[PDB]
$ cat query.csv   # CSV, C-alpha atoms (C1' of nucleotides) and all ligand atoms
chain,number,residue,atom,x,y,z
V,112,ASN,CA,0.2,29.8,-8.9
V,113,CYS,CA,-2.1,31.6,-11.4
V,114,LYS,CA,-5.8,32.1,-10.9
V,115,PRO,CA,-7.8,29.7,-13.1
V,116,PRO,CA,-10.4,31.6,-15.2
V,117,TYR,CA,-12.3,28.4,-15.5
V,118,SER,CA,-15.3,27.3,-13.4
V,119,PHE,CA,-15.2,24.1,-11.4
V,120,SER,CA,-17.2,22.6,-14.2
V,121,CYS,CA,-14.2,23.0,-16.6
V,122,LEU,CA,-11.6,21.9,-14.0
V,123,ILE,CA,-13.5,18.6,-13.4
V,124,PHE,CA,-14.0,18.3,-17.2
V,125,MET,CA,-10.3,18.5,-17.9
V,126,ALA,CA,-9.3,16.1,-15.1
V,127,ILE,CA,-11.6,13.4,-16.4
V,128,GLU,CA,-10.6,14.0,-20.0
V,129,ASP,CA,-6.9,13.5,-19.0
V,130,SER,CA,-7.6,10.1,-17.3
V,131,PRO,CA,-6.8,6.9,-19.2
V,132,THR,CA,-10.4,5.5,-18.7
V,133,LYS,CA,-12.2,8.8,-19.3
V,134,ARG,CA,-13.5,8.4,-15.7
V,135,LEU,CA,-12.2,9.3,-12.2
V,136,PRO,CA,-13.4,9.2,-8.6
V,137,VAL,CA,-13.6,12.3,-6.5
V,138,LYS,CA,-10.2,11.7,-5.0
V,139,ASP,CA,-8.2,11.9,-8.2
V,140,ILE,CA,-10.2,14.9,-9.3
V,141,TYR,CA,-8.8,16.7,-6.2
V,142,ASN,CA,-5.2,15.6,-7.0
V,143,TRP,CA,-5.4,16.6,-10.7
V,144,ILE,CA,-6.6,20.1,-9.6
V,145,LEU,CA,-3.9,20.6,-7.0
V,146,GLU,CA,-1.1,19.5,-9.4
V,147,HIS,CA,-2.0,21.6,-12.5
V,148,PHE,CA,-3.2,24.5,-10.2
V,149,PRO,CA,-1.2,24.9,-7.0
V,150,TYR,CA,-3.5,27.9,-6.5
V,151,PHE,CA,-5.8,25.8,-4.4
V,152,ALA,CA,-3.2,25.0,-1.7
V,153,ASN,CA,-3.7,28.6,-0.3
V,154,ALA,CA,-7.4,28.7,-1.0
V,155,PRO,CA,-9.9,28.2,1.8
V,156,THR,CA,-10.7,24.6,2.8
V,157,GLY,CA,-14.1,24.6,1.2
V,158,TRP,CA,-12.8,24.2,-2.3
V,159,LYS,CA,-13.2,20.4,-2.2
V,160,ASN,CA,-16.8,20.9,-1.2
V,161,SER,CA,-17.6,23.1,-4.2
V,162,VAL,CA,-16.4,20.6,-6.7
V,163,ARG,CA,-18.5,17.8,-5.2
V,164,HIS,CA,-21.6,20.1,-5.4
V,165,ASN,CA,-20.7,20.7,-9.1
V,166,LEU,CA,-20.1,16.9,-9.6
V,167,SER,CA,-23.5,16.1,-8.2
V,168,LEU,CA,-25.9,18.7,-9.6
V,169,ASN,CA,-24.4,19.5,-13.0
V,170,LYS,CA,-26.1,17.9,-16.0
V,171,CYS,CA,-22.7,17.2,-17.5
V,172,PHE,CA,-21.4,14.7,-14.9
V,173,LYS,CA,-22.8,11.3,-14.1
V,174,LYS,CA,-21.6,8.1,-12.4
V,175,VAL,CA,-20.7,5.0,-14.3
V,176,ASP,CA,-22.9,1.8,-14.0
V,186,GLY,CA,-16.0,5.8,-3.7
V,187,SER,CA,-17.7,5.5,-7.1
V,188,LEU,CA,-16.4,6.7,-10.4
V,189,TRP,CA,-17.5,9.8,-12.3
V,190,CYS,CA,-17.5,10.4,-16.1
V,191,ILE,CA,-18.7,12.9,-18.7
V,192,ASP,CA,-22.3,12.7,-19.9
V,193,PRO,CA,-22.5,12.1,-23.7
V,194,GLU,CA,-25.4,14.5,-24.2
V,195,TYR,CA,-23.9,17.6,-22.6
V,196,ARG,CA,-20.3,16.8,-23.4
V,197,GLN,CA,-20.0,19.3,-26.3
V,198,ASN,CA,-21.6,21.8,-23.9
V,199,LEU,CA,-18.4,21.6,-21.8
V,200,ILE,CA,-15.9,21.7,-24.8
V,201,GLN,CA,-17.6,25.0,-25.8
V,202,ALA,CA,-17.8,26.2,-22.2
V,203,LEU,CA,-14.0,25.9,-22.1
V,204,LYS,CA,-13.7,27.9,-25.4
V,205,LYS,CA,-16.0,30.7,-24.0
V,206,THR,CA,-14.2,31.0,-20.6
V,207,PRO,CA,-12.9,34.6,-19.8
R,113,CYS,CA,-38.2,26.1,-25.5
R,114,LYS,CA,-39.0,28.3,-22.6
R,115,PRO,CA,-42.6,29.2,-21.7
R,116,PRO,CA,-43.5,32.8,-22.6
R,117,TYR,CA,-43.5,34.0,-19.0
R,118,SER,CA,-40.5,35.6,-17.3
R,119,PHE,CA,-39.2,34.3,-14.0
R,120,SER,CA,-40.5,37.4,-12.3
R,121,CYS,CA,-43.9,36.8,-13.7
R,122,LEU,CA,-43.9,33.1,-12.7
R,123,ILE,CA,-42.9,34.0,-9.2
R,124,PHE,CA,-45.6,36.8,-9.0
R,125,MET,CA,-48.4,34.5,-10.2
R,126,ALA,CA,-47.4,31.8,-7.7
R,127,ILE,CA,-47.4,34.1,-4.7
R,128,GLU,CA,-50.6,35.9,-5.5
R,129,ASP,CA,-52.3,32.5,-6.1
R,130,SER,CA,-51.6,31.6,-2.4
R,131,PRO,CA,-54.1,32.3,0.3
R,132,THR,CA,-51.5,34.0,2.6
R,133,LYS,CA,-49.7,35.9,-0.2
R,134,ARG,CA,-46.5,34.4,1.1
R,135,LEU,CA,-44.6,31.3,0.0
R,136,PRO,CA,-41.3,29.5,0.6
R,137,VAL,CA,-39.0,28.8,-2.3
R,138,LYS,CA,-40.0,25.1,-2.4
R,139,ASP,CA,-43.7,25.9,-2.8
R,140,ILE,CA,-42.8,28.3,-5.6
R,141,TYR,CA,-41.3,25.3,-7.4
R,142,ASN,CA,-44.5,23.3,-6.9
R,143,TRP,CA,-46.8,26.0,-8.2
R,144,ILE,CA,-44.7,26.5,-11.4
R,145,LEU,CA,-44.4,22.7,-12.0
R,146,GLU,CA,-48.1,22.1,-11.8
R,147,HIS,CA,-49.1,25.1,-13.8
R,148,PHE,CA,-46.2,24.6,-16.4
R,149,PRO,CA,-45.2,21.0,-17.0
R,150,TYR,CA,-42.2,22.0,-19.1
R,151,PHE,CA,-40.0,22.5,-16.0
R,152,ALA,CA,-40.6,18.9,-14.9
R,153,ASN,CA,-38.0,17.6,-17.4
R,154,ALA,CA,-36.2,20.9,-18.0
R,155,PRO,CA,-32.5,21.4,-17.1
R,156,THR,CA,-32.1,21.7,-13.3
R,157,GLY,CA,-30.8,25.3,-13.6
R,158,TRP,CA,-34.3,26.8,-13.6
R,159,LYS,CA,-34.6,26.5,-9.8
R,160,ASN,CA,-31.3,28.5,-9.5
R,161,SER,CA,-32.8,31.3,-11.7
R,162,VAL,CA,-35.9,31.4,-9.5
R,163,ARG,CA,-33.8,31.9,-6.3
R,164,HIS,CA,-31.6,34.4,-8.2
R,165,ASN,CA,-34.6,36.5,-9.1
R,166,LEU,CA,-36.0,36.6,-5.5
R,167,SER,CA,-32.7,37.9,-4.0
R,168,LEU,CA,-32.0,40.4,-6.8
R,169,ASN,CA,-35.4,42.0,-7.5
R,170,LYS,CA,-36.5,44.6,-4.9
R,171,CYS,CA,-40.1,43.7,-5.5
R,172,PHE,CA,-39.7,40.4,-3.6
R,173,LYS,CA,-39.3,40.9,0.1
R,174,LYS,CA,-38.0,38.2,2.5
R,175,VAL,CA,-40.3,37.6,5.5
R,176,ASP,CA,-40.0,35.2,8.5
R,177,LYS,CA,-42.2,32.3,9.5
R,185,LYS,CA,-35.8,25.3,6.9
R,186,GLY,CA,-35.7,28.4,4.6
R,187,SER,CA,-37.9,31.5,4.7
R,188,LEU,CA,-41.1,32.9,3.3
R,189,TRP,CA,-41.1,35.2,0.2
R,190,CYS,CA,-43.7,37.9,-0.5
R,191,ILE,CA,-44.2,40.9,-2.7
R,192,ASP,CA,-43.2,44.3,-1.4
R,193,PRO,CA,-46.3,46.5,-1.4
R,194,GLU,CA,-44.7,49.7,-2.5
R,195,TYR,CA,-43.1,47.9,-5.5
R,196,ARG,CA,-46.2,45.9,-6.4
R,197,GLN,CA,-48.1,48.1,-8.7
R,198,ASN,CA,-44.9,49.1,-10.4
R,199,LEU,CA,-44.5,45.3,-11.1
R,200,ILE,CA,-48.1,45.1,-12.2
R,201,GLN,CA,-47.8,47.8,-14.8
R,202,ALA,CA,-44.5,46.2,-16.0
R,203,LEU,CA,-46.5,42.9,-16.4
R,204,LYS,CA,-49.5,44.5,-18.1
R,205,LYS,CA,-47.2,46.3,-20.5
R,206,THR,CA,-45.1,43.3,-21.4
R,207,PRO,CA,-47.2,40.2,-20.3
R,208,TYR,CA,-45.2,37.7,-22.5
R,209,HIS,CA,-41.4,37.4,-22.5
R,210,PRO,CA,-40.0,34.1,-23.9
B,1,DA,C1',-29.7,16.8,-1.1
B,2,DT,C1',-31.7,22.7,-0.2
B,3,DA,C1',-31.6,27.8,0.1
B,4,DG,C1',-29.4,32.2,-0.6
B,5,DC,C1',-26.7,35.0,-3.4
B,6,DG,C1',-23.3,35.0,-7.0
B,7,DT,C1',-20.7,35.3,-11.9
B,8,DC,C1',-21.1,35.7,-16.6
B,9,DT,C1',-23.2,37.0,-21.1
B,10,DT,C1',-26.5,39.1,-23.9
B,11,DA,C1',-29.6,42.5,-25.6
B,12,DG,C1',-31.8,47.0,-26.8
B,13,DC,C1',-31.4,51.5,-25.7
B,14,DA,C1',-28.9,55.2,-24.2
B,15,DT,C1',-25.4,58.8,-23.2
B,16,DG,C1',-20.5,60.6,-24.0
Y,1,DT,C1',-17.8,55.9,-37.1
Y,2,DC,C1',-16.3,54.9,-32.1
Y,3,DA,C1',-16.7,53.9,-26.7
Y,4,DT,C1',-19.3,53.7,-22.4
Y,5,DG,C1',-23.4,53.2,-19.6
Y,6,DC,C1',-27.9,51.6,-18.4
Y,7,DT,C1',-31.3,48.0,-17.6
Y,8,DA,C1',-33.5,43.7,-17.6
Y,9,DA,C1',-33.0,39.1,-18.4
Y,10,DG,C1',-31.3,34.3,-17.8
Y,11,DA,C1',-28.0,30.2,-18.2
Y,12,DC,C1',-25.0,28.5,-14.9
Y,13,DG,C1',-21.9,28.4,-10.6
Y,14,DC,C1',-20.5,29.0,-5.6
Y,15,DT,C1',-21.1,28.8,-0.5
Y,16,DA,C1',-22.9,27.5,3.9
V,301,MG,MG,-24.4,15.2,-11.7
V,302,MG,MG,-35.6,40.6,-3.4

$ encode --input "query.csv" --output "structure tokens"
Amino acid sequence: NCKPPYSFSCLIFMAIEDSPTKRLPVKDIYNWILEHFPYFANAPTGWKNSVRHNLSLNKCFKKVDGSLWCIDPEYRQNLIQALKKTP
Amino acid sequence: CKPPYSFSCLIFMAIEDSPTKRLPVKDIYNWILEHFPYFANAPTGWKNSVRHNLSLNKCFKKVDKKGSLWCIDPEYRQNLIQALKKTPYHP
DNA sequence: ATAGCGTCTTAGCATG
DNA sequence: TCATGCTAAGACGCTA
């Protein structure tokens, strides 16, 4: 139960990159976060809301053509480096 | 890249250009978009930096009338003027 | 979606 | 040389 130094942008990024189809709906993004980080079981209930806000307004996440989310090809490398610059 | 005006200068020029010297945050977006077309297709984070500058800077006071109106604190105004006449351009 | 305030990094300058 | 502090600035994120 560590504290993840990554933002919710990097947690969503790693969950989608670990999927077989490189895409996930908002449900499995929750389940991937709880598994690899049991920290969010003791966190306040609003943690699921903050990842939807990031999923919706971040330039790095788009929907494919309960829909499915994926990584945007333009700002993809912005996320790989955002995970190398995390404190 | 970014226009040569700082976010504090962009907010100051938008409020002073209004008849009541008071604006909500949505109207500040509309003034900057029409006077600077770069932000129409810019990354969406620029609106976040606008609201961040309003809450952080002491020279921007919150006033009441759904958000709230924003104005320029009078006792911090001519300090902001001299800072903007000393460095009028900041890319 | 919006509005308020936040975290993080960077930079020049500055003091120990 | 170094560390530490100050100040403004902004890209980007969180919460209600
Ligand atoms: Mg999005
Ligand atoms: Mg203020």

$ atom_distance --input "query.csv" --atom1 "atom CA of residue 187 of chain R" --atom2 "atom CA of residue 136 of chain R"
5.7 Å

$ interface_residues --input "query.csv" --of "chain V" --to "chain B" --cutoff "12 Å" --atoms "all atoms listed in the file" --output "number ranges by chain"
V: 116-118, 163-164, 167-168, 202, 205-207

$ atom_distance --input "query.csv" --atom1 "atom CA of residue 114 of chain V" --atom2 "atom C1' of residue 15 of chain Y"
18.8 Å

$ closest_atom_pairs --input "query.csv" --of "chain R" --to "chain B" --cutoff "9 Å" --atoms "all atoms listed in the file" --output "CSV"
residue,atom,partner,partner_atom,distance
R:137,CA,B:3,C1',7.8
R:138,CA,B:2,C1',8.9
R:163,CA,B:4,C1',7.2
R:164,CA,B:5,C1',6.9
R:167,CA,B:5,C1',6.7
R:168,CA,B:5,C1',8.3
R:185,CA,B:3,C1',8.4
R:186,CA,B:3,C1',6.1
R:187,CA,B:3,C1',8.6

$ atom_distance --input "query.csv" --atom1 "atom CA of residue 198 of chain R" --atom2 "atom CA of residue 151 of chain R"
27.6 Å

$ interface_residues --input "query.csv" --of "chain V" --to "chain R" --cutoff "12 Å" --atoms "only C-alpha atoms" --output "list in words"
residues 165, 167, 168, 169, 170, 171 and 195 of chain V

$ closest_atom_pairs --input "query.csv" --of "chain R" --to "ligand MG 302 (chain V)" --cutoff "6 Å" --atoms "all atoms listed in the file" --output "Markdown table"
| residue | atom | partner | partner_atom | distance |
| --- | --- | --- | --- | --- |
| R:166 | CA | V:MG302 | MG | 4.5 |
| R:167 | CA | V:MG302 | MG | 4.0 |
| R:168 | CA | V:MG302 | MG | 5.0 |
| R:169 | CA | V:MG302 | MG | 4.3 |
| R:170 | CA | V:MG302 | MG | 4.4 |
| R:171 | CA | V:MG302 | MG | 5.9 |
| R:172 | CA | V:MG302 | MG | 4.1 |
| R:173 | CA | V:MG302 | MG | 5.1 |

$ interface_residues --input "query.csv" --of "chain Y" --to "chain V" --cutoff "12 Å" --atoms "all atoms listed in the file" --output "list in words"
residues 11, 12, 13, 14, 15 and 16 of chain Y

$ closest_residue --input "query.csv" --among "V:151, V:188, V:198, V:166" --to "ligand MG 301 (chain V)" --atoms "all atoms listed in the file"
V:166

$ interface_residues --input "query.csv" --of "chain R" --to "chain Y" --cutoff "9 Å" --atoms "all atoms listed in the file" --output "list in words"
residues 118, 119, 157, 158, 160 and 161 of chain R
